[PDB]
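> Got a structure for you, upload_6.cif, holding mmCIF, C-alpha atoms.
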data_query
#
loop_
_atom_site.label_atom_id
_atom_site.label_comp_id
_atom_site.auth_asym_id
_atom_site.auth_seq_id
_atom_site.Cartn_x
_atom_site.Cartn_y
_atom_site.Cartn_z
CA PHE U 1 0.00 0.00 0.00
CA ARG U 2 2.91 2.33 0.89
CA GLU U 3 4.98 0.93 -1.99
CA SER U 4 2.01 1.35 -4.38
CA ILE U 5 1.66 5.04 -3.49
CA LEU U 6 5.39 5.62 -3.90
CA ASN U 7 5.53 3.81 -7.28
CA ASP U 8 2.55 5.79 -8.60
CA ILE U 9 3.98 9.15 -7.52
CA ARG U 10 7.23 8.33 -9.37
CA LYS U 11 5.34 7.18 -12.48
CA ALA U 12 3.18 10.35 -12.21
CA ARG U 13 6.29 12.62 -12.13
CA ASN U 14 7.60 10.83 -15.21
CA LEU U 15 4.42 10.71 -17.32
CA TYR U 16 2.83 14.07 -16.53
CA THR U 17 3.57 17.77 -16.21
CA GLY U 18 1.35 20.88 -15.79
CA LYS U 19 -2.40 20.44 -15.15
CA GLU U 20 -2.21 16.78 -16.15
CA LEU U 21 0.23 16.10 -13.24
CA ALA U 22 -1.94 18.00 -10.75
CA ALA U 23 -4.94 15.78 -11.66
CA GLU U 24 -2.85 12.64 -11.09
CA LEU U 25 -1.55 13.87 -7.70
CA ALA U 26 -5.11 14.70 -6.51
CA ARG U 27 -6.09 11.11 -7.45
CA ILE U 28 -3.10 9.78 -5.48
CA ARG U 29 -4.03 12.13 -2.56
CA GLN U 30 -7.39 10.42 -1.94
CA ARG U 31 -5.39 7.29 -1.12
CA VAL U 32 -2.67 9.27 0.79
CA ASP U 33 -5.31 10.97 2.96
CA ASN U 34 -6.74 7.61 4.02
CA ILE U 35 -3.47 5.69 4.72
CA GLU U 36 -3.13 3.64 7.94
CA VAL U 37 0.13 5.47 8.84
CA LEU U 38 1.50 8.34 6.72
CA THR U 39 5.29 7.97 6.47
CA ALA U 40 7.96 10.55 5.59
CA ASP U 41 8.96 8.82 2.29
CA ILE U 42 5.41 9.42 0.96
CA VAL U 43 5.34 12.98 2.26
CA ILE U 44 8.75 13.87 0.70
CA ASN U 45 7.88 12.49 -2.74
CA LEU U 46 4.52 14.26 -2.63
CA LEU U 47 6.31 17.57 -1.86
CA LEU U 48 8.77 17.02 -4.73
CA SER U 49 5.88 16.27 -7.13
CA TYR U 50 4.02 19.46 -6.09
CA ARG U 51 7.23 21.41 -6.49
CA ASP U 52 7.46 20.19 -10.15
CA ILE U 53 4.38 22.31 -10.90
CA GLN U 54 5.19 25.08 -8.35
CA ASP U 55 2.13 24.19 -6.23
CA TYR U 56 3.47 25.75 -3.05
CA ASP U 57 0.00 26.16 -1.51
CA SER U 58 -0.53 22.34 -1.59
CA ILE U 59 2.87 21.80 -0.03
CA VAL U 60 2.11 24.24 2.82
CA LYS U 61 -1.35 22.84 3.50
CA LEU U 62 -0.09 19.22 3.57
CA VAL U 63 2.80 20.01 5.92
CA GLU U 64 0.45 22.04 8.23
CA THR U 65 -1.90 19.04 8.49
CA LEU U 66 1.10 16.85 9.56
CA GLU U 67 1.94 19.37 12.31
CA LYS U 68 -1.57 18.83 13.81
CA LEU U 69 -1.51 15.01 13.28
CA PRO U 70 -0.19 14.24 16.77
CA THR U 71 1.87 11.09 15.81
CA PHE U 72 3.84 12.62 12.98
CA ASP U 73 6.84 14.30 14.66
CA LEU U 74 7.58 17.12 12.18
CA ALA U 75 10.43 18.48 14.33
CA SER U 76 12.46 15.30 13.65
CA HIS U 77 11.98 15.44 9.84
CA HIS U 78 14.46 18.16 8.83
CA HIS U 79 14.09 17.63 5.05
CA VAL U 80 10.30 17.94 5.26
CA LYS U 81 10.78 21.17 7.24
CA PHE U 82 13.25 22.35 4.55
CA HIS U 83 10.65 21.86 1.78
CA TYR U 84 7.95 23.45 3.98
CA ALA U 85 10.03 26.62 4.51
CA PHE U 86 10.94 26.63 0.79
CA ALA U 87 7.23 26.51 -0.09
CA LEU U 88 6.32 29.16 2.50
CA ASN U 89 8.97 31.46 1.03
CA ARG U 90 7.68 31.00 -2.55
CA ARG U 91 3.98 31.29 -1.48
CA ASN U 92 4.68 34.49 0.45
CA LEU U 93 1.21 35.17 1.93
CA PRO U 94 1.25 37.56 4.97
CA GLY U 95 3.51 35.84 7.57
CA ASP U 96 4.77 33.03 5.30
CA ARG U 97 8.39 34.30 5.13
CA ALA U 98 8.44 35.08 8.85
CA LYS U 99 7.35 31.48 9.56
CA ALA U 100 9.95 30.08 7.12
CA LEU U 101 12.74 31.92 8.93
CA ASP U 102 11.34 30.76 12.33
CA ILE U 103 11.54 27.17 10.99
CA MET U 104 14.96 27.45 9.31
CA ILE U 105 17.03 29.64 11.68
CA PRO U 106 16.63 27.34 14.74
CA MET U 107 17.39 24.26 12.53
CA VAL U 108 20.73 25.82 11.57
CA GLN U 109 21.56 27.58 14.87
CA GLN U 110 27.40 20.60 11.38
CA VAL U 111 25.02 22.48 9.06
CA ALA U 112 24.82 21.81 5.34
CA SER U 113 25.20 24.52 2.67
CA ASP U 114 21.56 24.07 1.41
CA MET U 115 20.20 25.01 4.83
CA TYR U 116 22.37 28.14 5.07
CA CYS U 117 21.48 29.00 1.44
CA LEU U 118 17.70 28.68 1.94
CA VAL U 119 17.77 31.20 4.83
CA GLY U 120 19.94 33.45 2.59
CA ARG U 121 17.39 33.04 -0.22
CA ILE U 122 14.49 34.10 2.05
CA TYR U 123 16.35 37.36 2.79
CA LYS U 124 17.40 37.75 -0.86
CA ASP U 125 13.73 37.34 -1.87
CA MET U 126 12.53 39.84 0.74
CA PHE U 127 15.11 42.28 -0.71
CA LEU U 128 14.13 41.69 -4.35
CA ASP U 129 10.37 41.64 -3.57
CA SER U 130 10.66 44.97 -1.70
CA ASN U 131 11.79 46.63 -4.98
CA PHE U 132 15.34 46.78 -3.55
CA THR U 133 14.30 48.96 -0.57
CA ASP U 134 14.80 46.35 2.19
CA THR U 135 18.55 46.91 2.66
CA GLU U 136 18.46 45.11 6.13
CA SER U 137 17.19 41.95 4.43
CA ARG U 138 19.95 42.41 1.83
CA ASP U 139 22.58 42.54 4.57
CA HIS U 140 21.11 39.57 6.46
CA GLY U 141 21.06 37.61 3.19
CA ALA U 142 24.69 38.49 2.55
CA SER U 143 25.67 37.28 6.05
CA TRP U 144 23.93 33.90 5.68
CA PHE U 145 25.47 33.22 2.22
CA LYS U 146 28.86 34.38 3.60
CA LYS U 147 28.66 31.81 6.44
CA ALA U 148 27.78 29.08 3.92
CA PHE U 149 30.64 30.17 1.65
CA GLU U 150 33.23 30.12 4.47
CA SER U 151 31.79 26.89 5.97
CA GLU U 152 31.65 25.02 2.65
CA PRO U 153 32.64 27.04 -0.48
CA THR U 154 30.30 26.42 -3.44
CA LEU U 155 29.39 28.46 -6.50
CA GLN U 156 25.83 28.80 -5.25
CA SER U 157 26.66 30.55 -1.93
CA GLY U 158 29.58 32.39 -3.54
CA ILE U 159 27.59 33.96 -6.39
CA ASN U 160 24.72 34.90 -4.07
CA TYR U 161 27.16 36.44 -1.54
CA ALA U 162 28.91 38.48 -4.24
CA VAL U 163 25.62 39.69 -5.74
CA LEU U 164 24.43 41.02 -2.36
CA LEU U 165 27.78 42.75 -1.77
CA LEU U 166 27.34 44.25 -5.26
CA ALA U 167 23.87 45.47 -4.18
CA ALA U 168 25.40 46.96 -0.97
CA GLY U 169 27.81 49.10 -2.99
CA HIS U 170 30.98 46.94 -3.30
CA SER U 171 37.71 48.51 -6.23
CA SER U 172 36.89 46.09 -3.36
CA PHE U 173 37.62 42.80 -1.51
CA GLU U 174 35.75 40.56 -0.23
CA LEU U 175 34.42 41.07 -3.77
CA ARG U 176 37.69 40.30 -5.67
CA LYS U 177 38.46 37.67 -2.87
CA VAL U 178 35.11 35.95 -3.49
CA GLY U 179 36.10 36.27 -7.15
CA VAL U 180 39.35 34.32 -6.69
CA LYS U 181 37.58 31.50 -4.86
CA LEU U 182 34.83 31.39 -7.48
CA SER U 183 37.53 31.00 -10.17
CA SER U 184 39.10 27.94 -8.44
CA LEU U 185 35.67 26.39 -7.84
CA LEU U 186 35.03 26.84 -11.59
CA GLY U 187 38.41 25.21 -12.16
CA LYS U 188 37.34 22.26 -9.95
CA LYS U 189 34.12 21.76 -11.94
CA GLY U 190 35.94 21.69 -15.29
CA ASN U 191 34.64 22.24 -18.84
CA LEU U 192 30.90 23.01 -19.43
CA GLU U 193 30.72 20.09 -21.94
CA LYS U 194 31.15 17.62 -19.05
CA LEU U 195 28.60 19.28 -16.72
CA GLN U 196 25.31 17.44 -17.41
CA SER U 197 23.07 18.02 -14.33
CA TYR U 198 20.99 21.21 -14.67
CA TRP U 199 22.06 22.33 -11.19
CA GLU U 200 25.77 22.30 -12.11
CA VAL U 201 25.03 24.20 -15.32
CA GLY U 202 22.89 26.77 -13.52
CA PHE U 203 25.62 27.63 -10.98
CA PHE U 204 28.27 27.63 -13.73
CA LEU U 205 26.02 30.16 -15.53
CA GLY U 206 25.79 32.37 -12.50
CA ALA U 207 29.51 32.51 -11.84
CA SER U 208 30.04 33.14 -15.59
CA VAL U 209 27.62 36.08 -15.40
CA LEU U 210 29.49 37.46 -12.33
CA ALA U 211 32.78 37.00 -14.20
CA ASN U 212 31.39 38.92 -17.23
CA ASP U 213 32.37 35.84 -19.38
CA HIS U 214 30.20 36.29 -22.47
CA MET U 215 30.82 33.07 -24.46
CA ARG U 216 30.33 30.88 -21.35
CA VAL U 217 27.09 32.72 -20.45
CA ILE U 218 25.73 32.18 -23.95
CA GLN U 219 26.88 28.49 -23.90
CA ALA U 220 25.60 27.77 -20.41
CA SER U 221 22.24 29.54 -21.03
CA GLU U 222 21.65 27.29 -24.11
CA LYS U 223 22.67 24.24 -22.14
CA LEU U 224 20.10 25.20 -19.44
CA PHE U 225 17.44 25.36 -22.19
CA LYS U 226 18.34 21.94 -23.74
CA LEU U 227 18.34 20.28 -20.27
CA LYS U 228 14.67 21.11 -19.51
CA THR U 229 15.69 22.71 -16.24
CA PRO U 230 12.88 22.73 -13.60
CA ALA U 231 11.06 26.06 -13.16
CA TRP U 232 11.59 26.06 -9.39
CA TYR U 233 15.32 26.00 -10.02
CA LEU U 234 15.58 28.40 -12.92
CA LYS U 235 13.58 30.87 -10.77
CA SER U 236 16.39 31.14 -8.19
CA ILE U 237 19.15 31.56 -10.79
CA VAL U 238 17.06 34.25 -12.54
CA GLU U 239 16.58 36.15 -9.27
CA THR U 240 20.30 36.19 -8.74
CA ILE U 241 20.85 37.55 -12.26
CA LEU U 242 18.21 40.27 -11.94
CA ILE U 243 19.92 41.65 -8.83
CA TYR U 244 23.32 41.49 -10.55
CA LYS U 245 22.01 43.31 -13.62
CA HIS U 246 20.30 45.99 -11.49
CA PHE U 247 23.51 46.85 -9.61
CA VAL U 248 26.54 46.04 -11.75
CA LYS U 249 28.21 49.26 -13.03
CA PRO U 250 29.50 47.05 -26.24
CA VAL U 251 31.14 43.64 -26.65
CA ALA U 252 30.36 42.19 -30.15
CA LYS U 253 28.40 39.27 -28.58
CA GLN U 254 26.33 41.51 -26.25
CA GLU U 255 23.30 40.85 -28.44
CA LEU U 256 23.38 37.12 -27.74
CA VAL U 257 23.95 37.72 -24.01
CA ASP U 258 20.90 40.06 -24.03
CA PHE U 259 18.84 37.41 -25.89
CA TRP U 260 19.72 34.65 -23.38
CA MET U 261 19.05 36.84 -20.35
CA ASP U 262 15.70 37.76 -21.97
CA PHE U 263 14.94 34.09 -22.79
CA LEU U 264 15.70 32.78 -19.28
CA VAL U 265 13.82 35.66 -17.48
CA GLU U 266 10.80 35.18 -19.83
CA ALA U 267 10.95 31.44 -18.93
CA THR U 268 10.07 32.23 -15.30
CA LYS U 269 6.90 34.12 -16.36
CA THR U 270 3.62 32.22 -15.76
CA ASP U 271 1.52 35.09 -17.16
CA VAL U 272 2.42 35.59 -20.85
CA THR U 273 2.07 39.30 -21.78
CA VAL U 274 4.82 39.88 -24.42
CA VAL U 275 4.77 41.93 -27.66
CA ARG U 276 7.50 39.57 -28.90
CA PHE U 277 8.95 36.18 -28.04
CA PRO U 278 12.58 35.15 -27.66
CA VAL U 279 12.72 31.83 -29.45
CA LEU U 280 15.17 29.26 -30.82
CA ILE U 281 14.59 28.14 -34.40
CA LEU U 282 15.92 24.59 -34.74
CA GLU U 283 17.88 24.64 -38.08
CA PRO U 284 18.39 21.49 -40.20
CA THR U 285 22.07 21.74 -39.17
CA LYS U 286 20.66 20.81 -35.65
CA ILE U 287 21.83 24.12 -34.24
CA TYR U 288 19.37 26.26 -32.24
CA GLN U 289 19.41 29.78 -33.71
CA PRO U 290 18.48 32.60 -31.36
CA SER U 291 15.60 34.64 -32.84
CA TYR U 292 12.74 36.96 -32.09
CA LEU U 293 9.20 36.54 -33.22
CA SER U 294 6.12 38.76 -33.17
CA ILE U 295 2.48 38.74 -34.19
CA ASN U 296 1.82 42.27 -35.56
CA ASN U 297 -1.36 44.31 -35.69
CA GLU U 298 -0.61 45.51 -39.24
CA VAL U 299 -3.22 47.46 -41.30
CA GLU U 300 -5.19 45.47 -43.88
CA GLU U 301 -3.58 42.06 -43.00
CA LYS U 302 -1.95 40.81 -39.77
CA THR U 303 1.62 39.52 -40.03
CA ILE U 304 4.20 37.29 -38.39
CA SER U 305 7.74 38.68 -38.10
CA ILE U 306 10.71 36.41 -37.43
CA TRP U 307 14.35 37.46 -37.23
CA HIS U 308 17.72 35.94 -36.24
CA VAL U 309 19.75 37.55 -33.44
CA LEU U 310 23.44 37.84 -34.45
CA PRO U 311 23.77 34.83 -36.87
CA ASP U 312 27.33 33.44 -37.08
CA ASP U 313 27.00 33.28 -40.83
CA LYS U 314 25.88 36.82 -41.63
CA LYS U 315 25.17 35.89 -45.25
CA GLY U 316 21.79 34.70 -46.49
CA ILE U 317 18.27 35.32 -45.29
CA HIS U 318 17.79 35.99 -41.58
CA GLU U 319 14.51 37.93 -41.60
CA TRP U 320 10.97 36.98 -42.65
CA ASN U 321 7.63 38.78 -42.63
CA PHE U 322 4.59 36.60 -43.45
CA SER U 323 1.10 37.97 -44.17
CA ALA U 324 -1.83 36.05 -42.72
CA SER U 325 -2.76 34.63 -46.16
CA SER U 326 0.89 33.38 -46.46
CA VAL U 327 0.50 31.09 -43.44
CA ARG U 328 -0.74 27.51 -44.02
CA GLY U 329 -0.88 26.80 -40.26
CA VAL U 330 0.74 25.75 -37.01
CA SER U 331 1.14 22.46 -35.14
CA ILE U 332 2.62 21.88 -31.66
CA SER U 333 5.36 19.25 -31.78
CA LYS U 334 4.14 15.79 -30.90
CA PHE U 335 7.46 15.23 -29.04
CA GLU U 336 8.58 18.61 -27.66
CA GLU U 337 5.80 20.73 -26.03
CA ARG U 338 8.00 23.83 -26.19
CA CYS U 339 8.12 23.55 -29.98
CA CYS U 340 5.68 24.90 -32.55
CA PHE U 341 5.91 24.11 -36.26
CA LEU U 342 4.95 27.00 -38.56
CA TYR U 343 4.01 26.18 -42.14
CA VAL U 344 4.21 28.90 -44.84
CA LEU U 345 3.49 29.00 -48.55
CA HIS U 346 6.33 28.66 -51.13
CA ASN U 347 8.67 27.34 -48.40
CA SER U 348 9.30 23.59 -48.86
CA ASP U 349 10.83 23.47 -45.34
CA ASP U 350 9.05 24.68 -42.16
CA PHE U 351 10.03 26.72 -39.11
CA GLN U 352 10.53 24.55 -36.00
CA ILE U 353 10.17 27.19 -33.33
CA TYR U 354 11.16 26.52 -29.72
CA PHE U 355 9.78 28.76 -26.93
CA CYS U 356 10.98 29.36 -23.34
CA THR U 357 8.02 27.51 -21.79
CA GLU U 358 5.16 25.27 -22.85
CA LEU U 359 2.64 28.04 -22.19
CA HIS U 360 4.52 30.49 -24.47
CA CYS U 361 4.39 27.99 -27.32
CA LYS U 362 0.67 27.40 -26.69
CA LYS U 363 -0.06 31.17 -26.76
CA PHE U 364 1.71 31.40 -30.19
CA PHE U 365 -0.21 28.46 -31.55
CA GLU U 366 -3.56 29.95 -30.47
CA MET U 367 -2.72 33.43 -31.87
CA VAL U 368 -1.72 32.00 -35.30
CA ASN U 369 -4.92 29.86 -35.46
CA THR U 370 -6.82 33.10 -34.73
CA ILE U 371 -5.16 35.04 -37.60
CA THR U 372 -5.61 32.14 -40.10
CA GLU U 373 -9.32 31.54 -39.25
#
Using the file provided, produce a representation of the structure as structure tokens.


Amino acid sequence: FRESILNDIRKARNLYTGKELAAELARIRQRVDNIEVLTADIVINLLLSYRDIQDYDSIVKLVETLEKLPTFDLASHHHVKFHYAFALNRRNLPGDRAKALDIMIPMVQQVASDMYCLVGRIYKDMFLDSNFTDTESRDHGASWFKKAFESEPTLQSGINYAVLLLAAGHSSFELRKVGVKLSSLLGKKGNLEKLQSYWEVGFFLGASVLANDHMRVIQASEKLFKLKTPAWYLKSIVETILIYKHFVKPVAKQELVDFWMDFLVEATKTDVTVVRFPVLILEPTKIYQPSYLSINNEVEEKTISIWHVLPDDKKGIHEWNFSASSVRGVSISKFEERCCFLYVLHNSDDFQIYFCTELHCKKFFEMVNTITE
């Protein structure tokens, strides 16, 4: 019965994403909410499955019900408390972040980097979410990431520490000191081609951003795209980059750095509101080509505009403008839900267009069906 629930959660996380996953978890919950004894293995894998669709409200409500269930000892389950605080911090209703800190700070005060870094992230988020006015939260966040960094140096704590020093007005060391240590950690990790886990690539990206290393940023951003990085994770990297970009005081590849920053920030949006989409056109060479696309309110006939950002090969055609009557149609890829096929007249090939999220692709699909109907 336990094993059945566990096996079905794992199968659920593999088969489904989005709404389809939420349906499956609610089906599994009926069983979970009637189980003879509710163990921590079930709880943990439930919380991971809800995190896959950023359902922080379900995580909080489940963990609160375990706190009242007298025979579950929440205090003893530090990883469950970690995920609870994580969810409270992302949900951020009145008092959520206060409660997260009241959970996390006593757990820390041997403590692992992730625990120090979550507390640091709560402060970081308070700082960002205050429109950069909460300078006390900034300084508290810096101190927590600093402790992590000195206790167990990692790129994650190091980049977050540096970014908050940058926001505090750091011509300076710790800042160049954190910089030296970041460079030897990057040395330890080795070439980007051998880093396969999304979490290694994400922290490589961040330190590459801090280093102002353009080619690595572009390379690591693309790798983060190909790896189907979870939204929960990309969120935290993006937050770090937004703070960096706000506070840091052309290079011929600036255009591709701007594209990738725009792509990865757009990828954390759940409400799609954009005049234009940063996209990757998959070429028959099997290279993803950074591009922009827009659906234009043009007089007489609506149009689709598509253009390459900084193509390596500057020769040939890198811009298209299609009138509504020029479009045969659109089809979402049967294999890649981020991808929409666009079919146009007098073009024997197609455009295989890859968006930053599934929803962005679906919006494009719907808008093109509207102009062709």

> Smallest atom-to-atom distance to residue U:67: which of U:114, U:80, U:157, U:122, using all atoms listed in the file?

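Among U:114, U:80, U:157, U:122, it is U:80 that comes nearest to residue U:67.
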
> Applying 12 Å and all atoms listed in the file, which residues near residue U:273 remain after dropping the ones on its own chain fewer than 4 positions away? List them as a short mmCIF file (atom, residue, chain, number, x, y, z; two decimals) with C-alpha atoms, in the frame of the given file.


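File produced: part-v3.cif:
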data_model
loop_
_atom_site.label_atom_id
_atom_site.label_comp_id
_atom_site.auth_asym_id
_atom_site.auth_seq_id
_atom_site.Cartn_x
_atom_site.Cartn_y
_atom_site.Cartn_z
CA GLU U 266 10.80 35.18 -19.83
CA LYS U 269 6.90 34.12 -16.36
CA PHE U 277 8.95 36.18 -28.04
CA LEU U 359 2.64 28.04 -22.19
CA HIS U 360 4.52 30.49 -24.47
CA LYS U 363 -0.06 31.17 -26.76
CA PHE U 364 1.71 31.40 -30.19
#

> Convert the output of the PyMOL selection byres ((chain U and resi 40) around 10) on the shown file into explicit residues, formatted as an MDAnalysis selection string.

chainID U and resid 37:39 41:46 72:74 77 79:80

> Return the single residue from U:28, U:252, U:22, U:148 that is closest to residue U:6, with distances computed using all atoms listed in the file.

U:28

> Pick from U:213, U:283, U:366, U:271: nearest to residue U:351, with only C-alpha atoms counted?

U:283

> Give as a PyMOL selection string every residue, naming chains and numbers as the document does, that has an atom within 12 Å of (5.1, 26.1, -12.7), counting only C-alpha atoms.

chain U and resi 17-19+21-22+49-56+90+229-235+267-271+357-359

> Written as a PyMOL selection string, which residues does the PyMOL selection byres ((chain U and resi 207-212) around 9) give for the file shown?

chain U and resi 155-156+158-159+162-163+179+182-183+186+202-206+213-217+220+241+244

> Would you mind listing what lies within 8 Å of stretch 304-316 of chain U as a VMD selection string, with all atoms listed in the file counted and same-chain residues fewer than 4 positions away left out?

chain U and resid 253 255 to 256 259 289 to 296 320 to 324

> Atom CA of residue U:129 and atom CA of residue U:92 are how many Å apart?

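Separation of atom CA of residue U:129 and atom CA of residue U:92: 10.0 Å.
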
> Each side padded by 3 Å, which centre and which edge lengths in Å (one decimal) define the axis-aligned box around the listed atoms of stretch 302-306 of chain U? Give them as AutoDock Vina command-line options.


--center_x 4.4 --center_y 38.6 --center_z -38.7 --size_x 18.7 --size_y 10.4 --size_z 8.6

> Let me know the residues the PyMOL selection byres ((chain U and resi 101) around 12) catches in the file above, as a PDB file with C-alpha atoms, keeping the file's coordinate frame.


ATOM      1  CA  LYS U  81      10.780  21.170   7.240  1.00  0.00           C
ATOM      2  CA  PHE U  82      13.250  22.350   4.550  1.00  0.00           C
ATOM      3  CA  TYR U  84       7.950  23.450   3.980  1.00  0.00           C
ATOM      4  CA  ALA U  85      10.030  26.620   4.510  1.00  0.00           C
ATOM      5  CA  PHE U  86      10.940  26.630   0.790  1.00  0.00           C
ATOM      6  CA  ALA U  87       7.230  26.510  -0.090  1.00  0.00           C
ATOM      7  CA  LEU U  88       6.320  29.160   2.500  1.00  0.00           C
ATOM      8  CA  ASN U  89       8.970  31.460   1.030  1.00  0.00           C
ATOM      9  CA  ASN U  92       4.680  34.490   0.450  1.00  0.00           C
ATOM     10  CA  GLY U  95       3.510  35.840   7.570  1.00  0.00           C
ATOM     11  CA  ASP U  96       4.770  33.030   5.300  1.00  0.00           C
ATOM     12  CA  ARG U  97       8.390  34.300   5.130  1.00  0.00           C
ATOM     13  CA  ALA U  98       8.440  35.080   8.850  1.00  0.00           C
ATOM     14  CA  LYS U  99       7.350  31.480   9.560  1.00  0.00           C
ATOM     15  CA  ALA U 100       9.950  30.080   7.120  1.00  0.00           C
ATOM     16  CA  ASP U 102      11.340  30.760  12.330  1.00  0.00           C
ATOM     17  CA  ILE U 103      11.540  27.170  10.990  1.00  0.00           C
ATOM     18  CA  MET U 104      14.960  27.450   9.310  1.00  0.00           C
ATOM     19  CA  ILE U 105      17.030  29.640  11.680  1.00  0.00           C
ATOM     20  CA  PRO U 106      16.630  27.340  14.740  1.00  0.00           C
ATOM     21  CA  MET U 107      17.390  24.260  12.530  1.00  0.00           C
ATOM     22  CA  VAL U 108      20.730  25.820  11.570  1.00  0.00           C
ATOM     23  CA  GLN U 109      21.560  27.580  14.870  1.00  0.00           C
ATOM     24  CA  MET U 115      20.200  25.010   4.830  1.00  0.00           C
ATOM     25  CA  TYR U 116      22.370  28.140   5.070  1.00  0.00           C
ATOM     26  CA  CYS U 117      21.480  29.000   1.440  1.00  0.00           C
ATOM     27  CA  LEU U 118      17.700  28.680   1.940  1.00  0.00           C
ATOM     28  CA  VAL U 119      17.770  31.200   4.830  1.00  0.00           C
ATOM     29  CA  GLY U 120      19.940  33.450   2.590  1.00  0.00           C
ATOM     30  CA  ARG U 121      17.390  33.040  -0.220  1.00  0.00           C
ATOM     31  CA  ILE U 122      14.490  34.100   2.050  1.00  0.00           C
ATOM     32  CA  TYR U 123      16.350  37.360   2.790  1.00  0.00           C
ATOM     33  CA  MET U 126      12.530  39.840   0.740  1.00  0.00           C
ATOM     34  CA  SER U 137      17.190  41.950   4.430  1.00  0.00           C
ATOM     35  CA  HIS U 140      21.110  39.570   6.460  1.00  0.00           C
ATOM     36  CA  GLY U 141      21.060  37.610   3.190  1.00  0.00           C
ATOM     37  CA  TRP U 144      23.930  33.900   5.680  1.00  0.00           C
TER      38      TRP U 144
END

> Given the choices U:303, U:151, U:184, U:65, which gets closest to residue U:33 if the distance is worked out from all atoms listed in the file?

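Between U:303, U:151, U:184, U:65, the residue approaching residue U:33 most closely is U:65.
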
> Of the candidates U:136, U:222, U:174, U:3, which shows the shortest atom-to-atom distance to residue U:288, using only C-alpha atoms?

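Result for the nearest residue to residue U:288: U:222.
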
> Have a look at atom CA of residue U:64 and atom CA of residue U:27 and let me know their distance in Å, one decimal.

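Computing the Euclidean distance for atom CA of residue U:64 and atom CA of residue U:27 yields 20.2 Å.
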
> How many Å lie between atom CA of residue U:272 and atom CA of residue U:370, rounded to one decimal?

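Going from atom CA of residue U:272 over to atom CA of residue U:370 covers 16.9 Å.
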
> Go through U:149, U:168, U:336, U:197 and flag the residue nearest residue U:181, using all atoms listed in the file for the distances.

U:149

> Give me the residues within 9 Å of residue U:261 as a list in words, counting all atoms listed in the file and dropping any in the same chain fewer than 6 places off.

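My list of contacting residues is residues 218, 221, 238 and 241 of chain U.
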
> Can you tell me which residues surround residue U:328 at a distance of at most 9 Å, considering only C-alpha atoms, apart from same-chain residues fewer than 6 positions away, and format the answer as an MDAnalysis selection string?

chainID U and resid 342:345 372

> Kindly add N, CA, C and O atoms to the incomplete stretch 154-163 of chain U and provide the output as a PDB file, keeping the file's coordinate frame.


ATOM      1  N   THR U 154      30.938  26.909  -2.226  1.00  0.00           N
ATOM      2  CA  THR U 154      30.300  26.420  -3.440  1.00  0.00           C
ATOM      3  C   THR U 154      30.005  27.645  -4.331  1.00  0.00           C
ATOM      4  O   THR U 154      30.002  28.796  -3.859  1.00  0.00           O
ATOM      5  N   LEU U 155      29.740  27.392  -5.600  1.00  0.00           N
ATOM      6  CA  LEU U 155      29.390  28.460  -6.500  1.00  0.00           C
ATOM      7  C   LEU U 155      28.093  29.108  -6.050  1.00  0.00           C
ATOM      8  O   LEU U 155      27.988  30.320  -6.010  1.00  0.00           O
ATOM      9  N   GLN U 156      27.138  28.292  -5.644  1.00  0.00           N
ATOM     10  CA  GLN U 156      25.830  28.800  -5.250  1.00  0.00           C
ATOM     11  C   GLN U 156      25.887  29.899  -4.174  1.00  0.00           C
ATOM     12  O   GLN U 156      25.308  30.997  -4.374  1.00  0.00           O
ATOM     13  N   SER U 157      26.529  29.593  -3.041  1.00  0.00           N
ATOM     14  CA  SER U 157      26.660  30.550  -1.930  1.00  0.00           C
ATOM     15  C   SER U 157      27.587  31.716  -2.317  1.00  0.00           C
ATOM     16  O   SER U 157      27.345  32.850  -1.947  1.00  0.00           O
ATOM     17  N   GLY U 158      28.622  31.413  -3.098  1.00  0.00           N
ATOM     18  CA  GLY U 158      29.580  32.390  -3.540  1.00  0.00           C
ATOM     19  C   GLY U 158      28.984  33.443  -4.450  1.00  0.00           C
ATOM     20  O   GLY U 158      29.191  34.647  -4.209  1.00  0.00           O
ATOM     21  N   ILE U 159      28.236  33.005  -5.474  1.00  0.00           N
ATOM     22  CA  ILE U 159      27.590  33.960  -6.390  1.00  0.00           C
ATOM     23  C   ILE U 159      26.507  34.800  -5.677  1.00  0.00           C
ATOM     24  O   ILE U 159      26.414  36.033  -5.855  1.00  0.00           O
ATOM     25  N   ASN U 160      25.729  34.158  -4.819  1.00  0.00           N
ATOM     26  CA  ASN U 160      24.720  34.900  -4.070  1.00  0.00           C
ATOM     27  C   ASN U 160      25.312  35.920  -3.061  1.00  0.00           C
ATOM     28  O   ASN U 160      24.762  37.031  -2.885  1.00  0.00           O
ATOM     29  N   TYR U 161      26.436  35.552  -2.442  1.00  0.00           N
ATOM     30  CA  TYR U 161      27.160  36.440  -1.540  1.00  0.00           C
ATOM     31  C   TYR U 161      27.664  37.662  -2.293  1.00  0.00           C
ATOM     32  O   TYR U 161      27.382  38.812  -1.901  1.00  0.00           O
ATOM     33  N   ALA U 162      28.347  37.409  -3.408  1.00  0.00           N
ATOM     34  CA  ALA U 162      28.910  38.480  -4.240  1.00  0.00           C
ATOM     35  C   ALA U 162      27.825  39.415  -4.723  1.00  0.00           C
ATOM     36  O   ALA U 162      27.974  40.604  -4.648  1.00  0.00           O
ATOM     37  N   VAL U 163      26.724  38.872  -5.209  1.00  0.00           N
ATOM     38  CA  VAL U 163      25.620  39.690  -5.740  1.00  0.00           C
ATOM     39  C   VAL U 163      25.064  40.650  -4.673  1.00  0.00           C
ATOM     40  O   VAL U 163      24.767  41.818  -4.973  1.00  0.00           O
TER      41      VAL U 163
END
